[PDB]
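Here's protein.cif, which has mmCIF, C-alpha atoms:
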data_target
#
loop_
_atom_site.group_PDB
_atom_site.id
_atom_site.type_symbol
_atom_site.label_atom_id
_atom_site.label_comp_id
_atom_site.auth_asym_id
_atom_site.auth_seq_id
_atom_site.Cartn_x
_atom_site.Cartn_y
_atom_site.Cartn_z
ATOM 1 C CA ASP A 1 7.301 2.840 15.020
ATOM 2 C CA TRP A 2 5.709 0.725 12.313
ATOM 3 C CA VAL A 3 2.148 0.413 13.591
ATOM 4 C CA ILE A 4 -0.705 1.830 11.539
ATOM 5 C CA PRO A 5 -3.230 -0.479 9.845
ATOM 6 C CA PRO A 6 -5.239 2.405 8.367
ATOM 7 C CA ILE A 7 -3.766 4.345 5.445
ATOM 8 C CA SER A 8 -4.698 7.273 3.184
ATOM 9 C CA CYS A 9 -4.597 7.432 -0.617
ATOM 10 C CA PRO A 10 -5.402 10.582 -2.666
ATOM 11 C CA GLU A 11 -7.791 10.473 -5.635
ATOM 12 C CA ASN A 12 -7.588 11.792 -9.178
ATOM 13 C CA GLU A 13 -3.842 12.259 -8.735
ATOM 14 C CA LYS A 14 -2.308 13.853 -11.837
ATOM 15 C CA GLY A 15 1.355 13.906 -12.842
ATOM 16 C CA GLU A 16 3.517 10.956 -13.916
ATOM 17 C CA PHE A 17 2.184 7.417 -13.537
ATOM 18 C CA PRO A 18 2.971 5.123 -12.037
ATOM 19 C CA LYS A 19 3.418 7.375 -8.992
ATOM 20 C CA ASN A 20 4.275 6.895 -5.341
ATOM 21 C CA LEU A 21 1.668 7.610 -2.643
ATOM 22 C CA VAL A 22 2.713 6.520 0.843
ATOM 23 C CA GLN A 23 5.305 4.384 2.590
ATOM 24 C CA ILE A 24 4.309 1.079 4.183
ATOM 25 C CA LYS A 25 4.794 0.006 7.779
ATOM 26 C CA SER A 26 4.604 -3.553 9.162
ATOM 27 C CA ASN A 27 5.699 -4.730 12.584
ATOM 28 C CA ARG A 28 8.305 -7.487 12.380
ATOM 29 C CA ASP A 29 10.533 -4.621 11.330
ATOM 30 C CA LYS A 30 11.623 -4.676 14.970
ATOM 31 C CA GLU A 31 13.794 -7.794 14.670
ATOM 32 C CA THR A 32 14.967 -8.017 11.065
ATOM 33 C CA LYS A 33 14.755 -5.926 7.906
ATOM 34 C CA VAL A 34 11.382 -7.073 6.600
ATOM 35 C CA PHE A 35 10.368 -6.770 2.940
ATOM 36 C CA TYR A 36 6.773 -6.377 1.693
ATOM 37 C CA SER A 37 4.423 -8.013 -0.772
ATOM 38 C CA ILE A 38 0.840 -7.218 -1.876
ATOM 39 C CA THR A 39 -2.192 -9.145 -3.108
ATOM 40 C CA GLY A 40 -5.966 -8.556 -3.457
ATOM 41 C CA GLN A 41 -8.382 -6.498 -5.550
ATOM 42 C CA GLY A 42 -6.423 -3.605 -7.042
ATOM 43 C CA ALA A 43 -3.289 -5.709 -7.557
ATOM 44 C CA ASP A 44 -4.087 -9.249 -8.701
ATOM 45 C CA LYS A 45 -7.893 -9.184 -8.384
ATOM 46 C CA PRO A 46 -10.247 -6.978 -10.424
ATOM 47 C CA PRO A 47 -9.600 -4.203 -10.821
ATOM 48 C CA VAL A 48 -6.311 -5.971 -11.488
ATOM 49 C CA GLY A 49 -3.283 -3.724 -11.986
ATOM 50 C CA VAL A 50 -3.821 -0.602 -9.866
ATOM 51 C CA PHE A 51 -1.615 -0.565 -6.770
ATOM 52 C CA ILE A 52 1.982 -1.705 -6.469
ATOM 53 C CA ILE A 53 4.395 -1.851 -3.517
ATOM 54 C CA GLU A 54 8.161 -1.980 -3.224
ATOM 55 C CA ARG A 55 9.010 -5.124 -1.293
ATOM 56 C CA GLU A 56 12.270 -3.387 -0.385
ATOM 57 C CA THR A 57 11.492 0.120 0.835
ATOM 58 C CA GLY A 58 7.802 -0.657 1.192
ATOM 59 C CA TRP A 59 6.857 2.352 -0.909
ATOM 60 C CA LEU A 60 3.213 2.146 -1.927
ATOM 61 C CA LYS A 61 2.846 3.372 -5.494
ATOM 62 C CA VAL A 62 -0.035 3.094 -7.910
ATOM 63 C CA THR A 63 -0.612 3.189 -11.634
ATOM 64 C CA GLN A 64 -4.160 4.468 -11.177
ATOM 65 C CA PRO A 65 -5.386 7.061 -8.606
ATOM 66 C CA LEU A 66 -8.480 6.555 -6.450
ATOM 67 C CA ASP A 67 -11.987 7.933 -6.990
ATOM 68 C CA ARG A 68 -14.400 8.826 -4.211
ATOM 69 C CA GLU A 69 -17.189 8.651 -6.787
ATOM 70 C CA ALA A 70 -16.371 4.970 -7.230
ATOM 71 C CA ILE A 71 -14.881 3.840 -3.924
ATOM 72 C CA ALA A 72 -14.278 5.707 -0.674
ATOM 73 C CA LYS A 73 -12.002 3.071 0.838
ATOM 74 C CA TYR A 74 -9.827 0.381 -0.738
ATOM 75 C CA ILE A 75 -8.658 -2.786 1.023
ATOM 76 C CA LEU A 76 -5.607 -4.914 0.244
ATOM 77 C CA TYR A 77 -3.648 -7.799 1.749
ATOM 78 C CA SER A 78 0.120 -8.025 2.220
ATOM 79 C CA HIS A 79 2.873 -10.477 3.103
ATOM 80 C CA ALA A 80 6.211 -9.919 4.889
ATOM 81 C CA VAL A 81 9.619 -11.545 4.307
ATOM 82 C CA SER A 82 13.033 -11.173 5.944
ATOM 83 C CA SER A 83 15.622 -9.612 3.654
ATOM 84 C CA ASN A 84 17.855 -12.341 5.071
ATOM 85 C CA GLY A 85 16.055 -15.256 3.395
ATOM 86 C CA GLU A 86 13.632 -16.234 6.166
ATOM 87 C CA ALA A 87 9.929 -15.794 5.455
ATOM 88 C CA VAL A 88 8.037 -13.758 8.055
ATOM 89 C CA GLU A 89 4.793 -13.119 6.250
ATOM 90 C CA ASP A 90 1.407 -13.249 7.844
ATOM 91 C CA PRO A 91 -2.152 -12.608 6.740
ATOM 92 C CA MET A 92 -2.009 -8.803 7.039
ATOM 93 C CA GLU A 93 -4.968 -6.684 5.932
ATOM 94 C CA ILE A 94 -4.081 -3.165 4.823
ATOM 95 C CA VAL A 95 -6.914 -0.628 4.945
ATOM 96 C CA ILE A 96 -6.636 2.315 2.548
ATOM 97 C CA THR A 97 -9.104 5.164 2.921
ATOM 98 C CA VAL A 98 -9.616 7.775 0.223
ATOM 99 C CA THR A 99 -8.986 11.470 0.862
ATOM 100 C CA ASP A 100 -9.839 14.682 -0.967
ATOM 101 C CA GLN A 101 -7.165 15.406 -3.563
ATOM 102 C CA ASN A 102 -4.745 18.284 -2.984
ATOM 103 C CA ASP A 103 -7.506 20.333 -4.562
ATOM 104 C CA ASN A 104 -9.750 21.927 -1.956
#
Please render this file's structure as structure tokens.
Amino acid sequence: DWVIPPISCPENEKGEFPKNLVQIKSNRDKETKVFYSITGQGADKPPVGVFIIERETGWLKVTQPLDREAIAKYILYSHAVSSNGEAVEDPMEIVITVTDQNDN
């Protein structure tokens, strides 16, 4: 079921950017295919241009990895819409915690 406010994002990820990190999960996805949207520091606010999400699949991808040395937990806001044409967004706060890279 789509119910998990907290999320995890690796740091110092190396490979091919932009790169995907984790899928998103809302809630209204129990009545109609809901699409996503993102806004807040990391997307539109400084640092602007870091995280990006697919309003269709809800895949959370980023152009820049995270850094525990800088921030241990990032926070973003998102909106929801019905792939049918009806808006179903709501002030949703997504919490993204940082986790040790695959290196350990």
Checklist entry - Counting all atoms listed in the file, which of A:46, A:85, A:58, A:65 gets nearest to residue A:22? => result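 Using all atoms listed in the file, the shortest distance to residue A:22 belongs to A:58.
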Listing only residues of stretch 19-44 of chain A within 10 Å of stretch 5-12 of chain A, what is the closest atom pair and its distance in Å (to one decimal) for each, using only C-alpha atoms, sorted by chain and residue number ascending, as a Markdown table?
| residue | atom | partner | partner_atom | distance |
| --- | --- | --- | --- | --- |
| A:21 | CA | A:9 | CA | 6.6 |
| A:22 | CA | A:9 | CA | 7.5 |
| A:23 | CA | A:7 | CA | 9.5 |
| A:24 | CA | A:7 | CA | 8.8 |
| A:25 | CA | A:5 | CA | 8.3 |
| A:26 | CA | A:5 | CA | 8.4 |
Those residues you just picked out, can you put them in a file as a short mmCIF file (atom, residue, chain, number, x, y, z; two decimals), in the frame of the given file with C-alpha atoms?
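Output contents, as saved in again-v6.cif:
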data_model
loop_
_atom_site.label_atom_id
_atom_site.label_comp_id
_atom_site.auth_asym_id
_atom_site.auth_seq_id
_atom_site.Cartn_x
_atom_site.Cartn_y
_atom_site.Cartn_z
CA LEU A 21 1.67 7.61 -2.64
CA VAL A 22 2.71 6.52 0.84
CA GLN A 23 5.30 4.38 2.59
CA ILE A 24 4.31 1.08 4.18
CA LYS A 25 4.79 0.01 7.78
CA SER A 26 4.60 -3.55 9.16
#
Checklist outcome for this item: If you count only C-alpha atoms, the residue of A:93, A:16, A:1, A:44 closest to residue A:80 turns out to be A:93
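Within the 9 Å cut-off around stretch 49-56 of chain A, using all atoms listed in the file and omitting residues fewer than 2 positions from it on the same chain, the listed residues are residues 18, 20, 23, 24, 34, 35, 36, 37, 38, 41, 42, 43, 44, 45, 46, 47, 58, 59, 60, 61, 62, 63, 64, 65, 80, 81 and 83 of chain A.
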Item to check | Top pick for closest residue to residue A:3, considering A:33, A:99, A:94, A:77 and counting only C-alpha atoms | outcome: A:94
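In this structure, atom CA of residue A:48 sits 16.3 Å away from atom CA of residue A:96.
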Item to check | Protein/DNA/RNA residues near (-13.1, 3.2, -5.7), cut 10 Å, all atoms listed in the file, as a PyMOL selection string | outcome: chain A and resi 11+42+47+65-74+97-98
Checklist entry - Which distance in Å separates atom CA of residue A:31 and atom CA of residue A:2, to one decimal? => result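 Between atom CA of residue A:31 and atom CA of residue A:2 the gap is 12.0 Å.
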Next on the checklist: If I take atom CA of residue A:4 and atom CA of residue A:100, how far is one from the other in Å, to one decimal?
Outcome noted: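 The value is 20.1 Å.
With distances taken over all atoms listed in the file, A:89 is the one residue among A:84, A:95, A:89, A:103 lying closest to residue A:28.
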Can you save chain A of the given block to a file, including C-alpha atoms and formatted as a compact mmCIF listing (two decimals), in the first residue's frame?
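Heads up, here's the output in part.txt:
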# COMPACT_ATOMS: atom_id res chain seq x y z
CA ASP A 1 0.00 0.00 0.00
CA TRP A 2 1.15 3.55 -0.65
CA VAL A 3 1.81 4.79 2.88
CA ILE A 4 5.32 5.83 3.87
CA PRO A 5 6.14 9.49 4.57
CA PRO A 6 9.79 8.76 5.39
CA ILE A 7 12.16 7.88 2.54
CA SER A 8 15.83 6.99 2.03
CA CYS A 9 18.29 8.50 -0.45
CA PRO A 10 21.91 7.29 -0.91
CA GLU A 11 24.84 9.73 -0.97
CA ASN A 12 27.81 10.17 -3.28
CA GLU A 13 26.07 7.97 -5.85
CA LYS A 14 28.30 7.42 -8.88
CA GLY A 15 27.26 6.22 -12.33
CA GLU A 16 25.12 8.06 -14.89
CA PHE A 17 23.31 11.25 -13.88
CA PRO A 18 20.58 12.04 -13.69
CA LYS A 19 19.83 8.74 -11.94
CA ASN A 20 16.82 7.13 -10.32
CA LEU A 21 16.77 6.52 -6.55
CA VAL A 22 13.40 5.38 -5.21
CA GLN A 23 9.76 5.15 -6.25
CA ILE A 24 7.18 7.47 -4.71
CA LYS A 25 4.01 6.51 -2.87
CA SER A 26 1.03 8.77 -2.10
CA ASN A 27 -2.38 7.71 -0.86
CA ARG A 28 -5.17 8.82 -3.19
CA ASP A 29 -3.77 6.06 -5.36
CA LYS A 30 -6.62 4.02 -3.89
CA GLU A 31 -9.37 5.65 -5.98
CA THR A 32 -7.77 6.90 -9.18
CA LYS A 33 -4.37 6.75 -10.88
CA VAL A 34 -2.68 9.70 -9.20
CA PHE A 35 0.30 11.52 -10.72
CA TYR A 36 3.01 13.33 -8.72
CA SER A 37 4.66 16.73 -8.59
CA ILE A 38 7.52 18.16 -6.48
CA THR A 39 8.52 21.54 -5.07
CA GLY A 40 10.87 22.88 -2.35
CA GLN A 41 14.59 23.25 -1.67
CA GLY A 42 16.41 20.79 -3.92
CA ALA A 43 13.97 21.29 -6.81
CA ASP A 44 12.89 24.92 -7.17
CA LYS A 45 14.50 26.39 -4.04
CA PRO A 46 18.25 26.59 -3.37
CA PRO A 47 19.91 24.31 -3.92
CA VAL A 48 17.71 24.55 -7.00
CA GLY A 49 18.00 21.69 -9.48
CA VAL A 50 18.84 18.54 -7.50
CA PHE A 51 15.87 16.18 -7.23
CA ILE A 52 13.30 15.37 -9.89
CA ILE A 53 10.21 13.12 -9.88
CA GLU A 54 8.19 11.45 -12.59
CA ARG A 55 4.63 12.69 -12.25
CA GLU A 56 3.61 9.50 -14.05
CA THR A 57 5.36 6.56 -12.43
CA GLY A 58 6.38 8.62 -9.42
CA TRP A 59 10.00 7.60 -9.81
CA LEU A 60 12.22 9.81 -7.67
CA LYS A 61 15.41 10.58 -9.57
CA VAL A 62 18.11 13.13 -8.91
CA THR A 63 20.80 14.95 -10.82
CA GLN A 64 22.96 15.29 -7.71
CA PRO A 65 23.50 12.66 -4.95
CA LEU A 66 23.26 13.46 -1.24
CA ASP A 67 26.09 14.15 1.22
CA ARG A 68 26.00 13.28 4.90
CA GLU A 69 28.83 15.78 5.40
CA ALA A 70 26.46 18.50 4.22
CA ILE A 71 22.97 17.28 5.10
CA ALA A 72 21.78 14.11 6.83
CA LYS A 73 18.13 14.52 5.85
CA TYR A 74 16.46 16.37 2.99
CA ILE A 75 12.84 17.56 2.98
CA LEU A 76 10.60 18.24 -0.01
CA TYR A 77 6.95 18.98 -0.77
CA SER A 78 4.76 17.30 -3.39
CA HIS A 79 1.40 17.63 -5.12
CA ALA A 80 -0.94 14.94 -6.51
CA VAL A 81 -3.17 14.98 -9.62
CA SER A 82 -5.57 12.48 -11.18
CA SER A 83 -4.36 11.13 -14.51
CA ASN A 84 -7.98 11.67 -15.52
CA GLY A 85 -7.88 15.48 -15.41
CA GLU A 86 -9.11 16.08 -11.86
CA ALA A 87 -6.66 17.67 -9.43
CA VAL A 88 -6.17 15.76 -6.18
CA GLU A 89 -3.12 17.47 -4.78
CA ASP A 90 -2.63 18.35 -1.18
CA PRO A 91 0.12 19.89 0.90
CA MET A 92 2.22 16.72 1.26
CA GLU A 93 5.60 16.84 2.98
CA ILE A 94 8.07 14.18 1.85
CA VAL A 95 10.87 13.38 4.28
CA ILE A 96 14.08 12.01 2.76
CA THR A 97 16.75 10.69 5.10
CA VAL A 98 20.31 10.06 3.96
CA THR A 99 21.89 6.61 4.15
CA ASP A 100 25.43 5.27 3.87
CA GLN A 101 26.28 4.68 0.22
CA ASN A 102 26.56 1.11 -1.07
CA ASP A 103 30.11 1.41 0.20
CA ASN A 104 30.49 -0.01 3.70
